[PDB]
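Note that full-length UniProt numbering has the sequence shown beginning at 25, numbered continuously upward.
Worksheet: the structure to be examined is printed underneath.
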Amino acid sequence: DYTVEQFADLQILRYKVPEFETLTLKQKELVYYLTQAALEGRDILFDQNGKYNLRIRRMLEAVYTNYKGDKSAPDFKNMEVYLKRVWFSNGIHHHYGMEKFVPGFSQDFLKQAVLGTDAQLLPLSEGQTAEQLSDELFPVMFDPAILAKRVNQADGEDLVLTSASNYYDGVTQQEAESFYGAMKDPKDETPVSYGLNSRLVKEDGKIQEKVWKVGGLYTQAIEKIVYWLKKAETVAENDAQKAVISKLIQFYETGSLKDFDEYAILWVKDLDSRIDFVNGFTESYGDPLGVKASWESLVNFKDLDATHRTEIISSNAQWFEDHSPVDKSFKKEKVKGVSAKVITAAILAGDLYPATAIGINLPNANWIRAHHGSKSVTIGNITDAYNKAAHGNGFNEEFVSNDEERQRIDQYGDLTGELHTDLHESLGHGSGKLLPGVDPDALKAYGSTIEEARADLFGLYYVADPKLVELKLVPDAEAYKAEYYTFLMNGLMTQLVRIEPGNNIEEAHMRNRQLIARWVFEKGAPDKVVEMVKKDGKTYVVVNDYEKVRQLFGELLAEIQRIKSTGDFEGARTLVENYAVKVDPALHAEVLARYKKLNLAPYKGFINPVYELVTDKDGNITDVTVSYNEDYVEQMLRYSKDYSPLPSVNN
Ligand SMILES: [Zn+2]
Numbered sequence: 025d026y027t028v029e030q031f032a033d034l035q036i037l038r039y040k041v042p043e044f045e046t047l048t049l050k051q052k053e054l055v056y057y058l059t060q061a062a063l064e065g066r067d068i069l070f071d072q073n074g075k076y077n078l079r080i081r082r083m084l085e086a087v088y089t090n091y092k093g094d095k096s097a098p099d100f101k102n103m104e105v106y107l108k109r110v111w112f113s114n115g116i117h118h119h120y121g122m123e124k125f126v127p128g129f130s131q132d133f134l135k136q137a138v139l140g141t142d143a144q145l146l147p148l149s150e151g152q153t154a155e156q157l158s159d160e161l162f163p164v165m166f167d168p169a170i171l172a173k174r175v176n177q178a179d180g181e182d183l184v185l186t187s188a189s190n191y192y193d194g195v196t197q198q199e200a201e202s203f204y205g206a207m208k209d210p211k212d213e214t215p216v217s218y219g220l221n222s223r224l225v226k227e228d229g230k231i232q233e234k235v236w237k238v239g240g241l242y243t244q245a246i247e248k249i250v251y252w253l254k255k256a257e258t259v260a261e262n263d264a265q266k267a268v269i270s271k272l273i274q275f276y277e278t279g280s281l282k283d284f285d286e287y288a289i290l291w292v293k294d295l296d297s298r299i300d301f302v303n304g305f306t307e308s309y310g311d312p313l314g315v316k317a318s319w320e321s322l323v324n325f326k327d328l329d330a331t332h333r334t335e336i337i338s339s340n341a342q343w344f345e346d347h348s349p350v351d352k353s354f355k356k357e358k359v360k361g362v363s364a365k366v367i368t369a370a371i372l373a374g375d376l377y378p379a380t381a382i383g384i385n386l387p388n389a390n391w392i393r394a395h396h397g398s399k400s401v402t403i404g405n406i407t408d409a410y411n412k413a414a415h416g417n418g419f420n421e422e423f424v425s426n427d428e429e430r431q432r433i434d435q436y437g438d439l440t441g442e443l444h445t446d447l448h449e450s451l452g453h454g455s456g457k458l459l460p461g462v463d464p465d466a467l468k469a470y471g472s473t474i475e476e477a478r479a480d481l482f483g484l485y486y487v488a489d490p491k492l493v494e495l496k497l498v499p500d501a502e503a504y505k506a507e508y509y510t511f512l513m514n515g516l517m518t519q520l521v522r523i524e525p526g527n528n529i530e531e532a533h534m535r536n537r538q539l540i541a542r543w544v545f546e547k548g549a550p551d552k553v554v555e556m557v558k559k560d561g562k563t564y565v566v567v568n569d570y571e572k573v574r575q576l577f578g579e580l581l582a583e584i585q586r587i588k589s590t591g592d593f594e595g596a597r598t599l600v601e602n603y604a605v606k607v608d609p610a611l612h613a614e615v616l617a618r619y620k621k622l623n624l625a626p627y628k629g630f631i632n633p634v635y636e637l638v639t640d641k642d643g644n645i646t647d648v649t650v651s652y653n654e655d656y657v658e659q660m661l662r663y664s665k666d667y668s669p670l671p672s673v674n675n
């Protein structure tokens, strides 16, 4: 059963760990130790998303598990949904829309609930009462004007002070850009990531950094991570993988950002190990300035059979770059060579739990990828969990135009959808090269939208190529039409189920899909390439010429590749704001009404399996078992009890 529970706008799913039982005992132990190092870092993300998140959580968790009143009352059920969303979003803000949750319960209820809870169980400071803890946390929860956005990206506002994230403390956005612009090296051909694993604070009167390391900030959790990484080091598969674990331990112990670059080099060079993992401060989407990286972790092992399709996409990387529809001046003379593979996720943690991604391209250091290479991974068991949970839910029966399209989607939608993700992560982000002297940050806050659009267009253009039929990546030349329809139907229409009524598209991913869909829709109107007809009051997206759709994909890819490589900022502003922002209220209200009858949640998340060490009668380890019988509430409460080593307050 891939469906666990559904609440609010969130749906909890499960995923299997296929072929885990076939691993050796030394591999199962290495997986176990890496998964343990992953789970210990859950508290690190909560504190990064807000200085009150660890206190608001442990307060609600103490009230939830010790509530004495009627547990079937609307006040308790609405508090239960609130706590579940804080668990899902690793904070009090929406994981996708960045807006703060609105409590569906009164303050008088929570006040009497806190006072009715044992004061010893609440996250009280030294010599603090439950009243003082309520007076400080209630305005954070109930006042809509306090910490309204976890990540702000509005013009004319101090993005550091208007963001509820806890990456800066007592520092203005002007003082942060000047702080790193100064330590910005000039003639440095291998620039370190500056301020990646630290909190920029103003202790006393100086502007300094509190590095996240052993003996420093977040040391209570990092000591646990290093402990399990040392255990994983003793059962490493080979010396290349062992050096990766050892160098990562040094990065945690010293906080040296130079060791992180050395770790990223060794991690890229470890291509032959079956078991791989990510554990550290990786992606910087949580920072409004984009400099600090949130903590995430992923433990996986190579999917041997599924990797052979992604190794054909990699061995033909020069073919896809040469036959690209972009201008010849933007094509790379020789591809950098990306090591692409399909992985089976063993566990999720940090910013990858419970809401995770299906494809990751690392490292982020631009110079490390050029001189040493990158690793592109596709998570097969998560994509499989998405499909089998959505199989037969009747979402396509409601929004697809005709039954003849549904039959093609049911046959090739999973394959071409999974194959499009392979092209996106392994070749979409890596392909193309900027013109000499063009600022890589010339698109400003439009780079994230244009980059994902450029990668989606690369996957869409080539998933239809007749070479993938020659390379036996698709069973026939009609398979791409399933992915083309679902992408257009989602961008033009069905993705609005994730939008609040009266709002526009704000998130970067949802923007590039609508940008690609509406651009092809407008430019294909004279030939009726894509239509949006209505039948009995229901609007359907109709595709009439799938070949012309591909040509329009190439034209938009050539124009987007030109905008990125030449740094045309105002050109990207025209594209993103004219196609990827406006939402039709009449269509949006129609889609929501049709969607509500399906009883589906637009956002998905996964709960991790449960790994157990099997010991003999004398203490030695004989097996490592994996279970899938735990539920959402049980797992979050267990992680809060056994994998929560950080204090409630970290300033
Ligand atoms: Zn991507």
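C-beta atoms are modelled at their ideal positions from N, C-alpha and C, and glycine is treated no differently.
Using 9 Å as the threshold, is the C-beta distance between residue 246 and residue 237 below it?
The answer is yes: Cβ separation under 9 Å.
Terminal residues of the alpha helix (DSSP H) in which residue 165 lies:
Here the alpha helix (DSSP H) through residue 165 covers 154–166.
Leaving out the 5 sequence neighbours to the left and right, which residues in its chain are closer than 6 Å to residue 291 when beta-carbon positions are compared?
Excluding residues within five positions, the ones whose Cβ falls inside 6 Å are 268.
Using a Cβ-based criterion (distance less than 8 Å to any ligand heavy atom), does residue 449 qualify as near ligand 1?
For residue 449, the CB falls within less than 8 Å of some heavy atom of ligand 1.
Unbroken stretches of the alpha helix (DSSP H), 4 residues or longer, contained in the segment 481–534
If we require 4 residues or more, the alpha helix (DSSP H) runs fully inside the segment 481–534 come out as 491–494, 504–516.
Suppose the cutoff is 6 Å on Cβ atoms and the five residues either side in sequence are ignored; what does the same chain contact list for residue 371 look like?
Counting only Cβ-Cβ distances below 6 Å, and skipping sequence neighbours, we find 59, 62, 323, 632.
State the DSSP-derived secondary structure class of residue 122, mapped to helix, strand or coil.
In this structure, residue 122 counts as coil in the three-state DSSP scheme.
What whole-angstrom Cβ distance do residue 589 and residue 424 have, given they're in contact under 8 Å?
No, residue 589 and residue 424 are not in contact; Cβ-Cβ is about 37 Å, not under 8 Å.
Which residues bound the beta strand (DSSP E) around residue 370?
Counting along the chain, the beta strand (DSSP E) containing residue 370 begins and ends at 363–374.
Is the beta carbon of residue 30 sitting closer than 9 Å to the one on residue 625?
Cβ distance < 9 Å, so residue 30 and residue 625 count as in contact.
CA-CA distance, residue 655 and residue 28?
Distance between the alpha carbons of residue 655 and residue 28 is about 7 Å.
Beta-ladder partner(s) of residue 416, from DSSP
Beta bridge pairing from DSSP links residue 416 with no other residue.
Report yes if the C-beta of residue 390 is less than 8 Å from at least one heavy atom of ligand 1; otherwise report no.
No, ligand 1 has no heavy atom inside 8 Å of this Cβ.
Under the three-state DSSP convention, the category residue 278 falls into:
Helix.
Spatially closest choice to residue 344 from 380, 326, 491, 217, by CA coordinates:
For the residues 380, 326, 491, 217, the minimum Cα distance to residue 344 belongs to 491.
Indicate whether the contact test is met: 3 or more Cβ pairs, each with one atom in the segment 179–186 and one in the segment 104–123, closer than 8 Å.
Not touching, per the Cβ criterion.
Please list, in chain order, all residues of the same chain as residue 161 whose beta carbon is under 8 Å from its beta carbon, the five residues on each side excluded.
Cβ neighbours of residue 161 within its own chain (closer than 8 Å, five residues either side excluded): 76, 79, 80, 83.
Confirm, please, whether the CB-CB distance from residue 69 to residue 233 is below 9 Å.
Not in contact: residue 233 and residue 69 (Cβ atoms no closer than 9 Å).
Cβ-based burial, residue 446 [other Cβ within 10 Å; buried from 16]
Label assigned to residue 446: buried.
Please determine if the segment 575–592 and the segment 535–547 are in contact, where contact requires at least 3 C-beta pairs separated by less than 8 Å.
The way I'd put it, the segment 575–592 does touch the segment 535–547; three or more beta-carbon pairs between them come closer than 8 Å.
I'd like to confirm something about residue 453: is its beta-carbon nearer than 8 Å to some heavy atom of ligand 1, or not?
For ligand 1, a non-hydrogen atom lies closer than 8 Å to the CB of residue 453.
Residues in its own chain within less than 8 Å of residue 638 by CB, not counting five upstream and five downstream?
Same-chain partners within the cutoff: 645, 646, 647, 648, 649.
If I'm right that residue 517 touches residue 611 with Cβ under 8 Å, what's the distance once you round it to whole angstroms?
That pair is a contact at about 7 Å.
Given the structure, does residue 583 come close to ligand 1, in the sense that its CB is under 8 Å from one of the ligand's heavy atoms?
In this structure, the C-beta of residue 583 stays at least 8 Å away from each heavy atom of ligand 1.
Can you check whether the CB of residue 336 is closer than 9 Å to the CB of residue 481?
In this structure, residue 336 does not lie closer than 9 Å to residue 481 by Cβ.
Would you check if the distance between the CB atom of residue 305 and the CB atom of residue 220 is smaller than 9 Å?
Yes; because the gap between Cβ atoms is below 9 Å, this pair is in contact.
Buried/exposed call for residue 272, threshold 16 Cβ in 10 Å:
With 16 or more other CB atoms across the displayed protein chains lying within 10 angstroms of its CB, residue 272 is buried.
Shortest alpha-carbon distance to residue 391 belongs to which of 454, 351, 260, 350?
It is 454.
Please classify residue 459: does DSSP put it in a helix, a strand, or coil?
In the structure shown, the three-state DSSP call for residue 459 is coil.
Which of the three DSSP states is assigned to residue 26 in this structure?
It is coil, neither helix nor strand.
Could you check what DSSP says for residue 555 in three-state terms: helix, strand or coil?
Of the three classes helix, strand and coil, the one that applies to residue 555 here is strand, per DSSP.
Check residue 177 in the structure and name its three-state DSSP category.
Three-state DSSP puts residue 177 in coil, outside helix and strand.
Limits of the unbroken alpha helix (DSSP H) element including residue 465:
Per DSSP, residue 465 is not a residue of any alpha helix (DSSP H), being assigned neither H nor E.
Sorry if obvious, but does the Cβ on residue 121 come closer than 8 Å to a heavy atom of ligand 1?
Residue 121 Cβ: outside cutoff for every heavy atom of ligand 1.
Just to check, is the beta-carbon of residue 476 closer than 8 Å to a non-hydrogen atom of ligand 1?
Answer for residue 476: yes, Cβ within range of ligand 1.
Residue range of the unbroken beta strand (DSSP E) whose run includes residue 319
Counting along the chain, the unbroken beta strand (DSSP E) around residue 319 starts and ends at 319–326.
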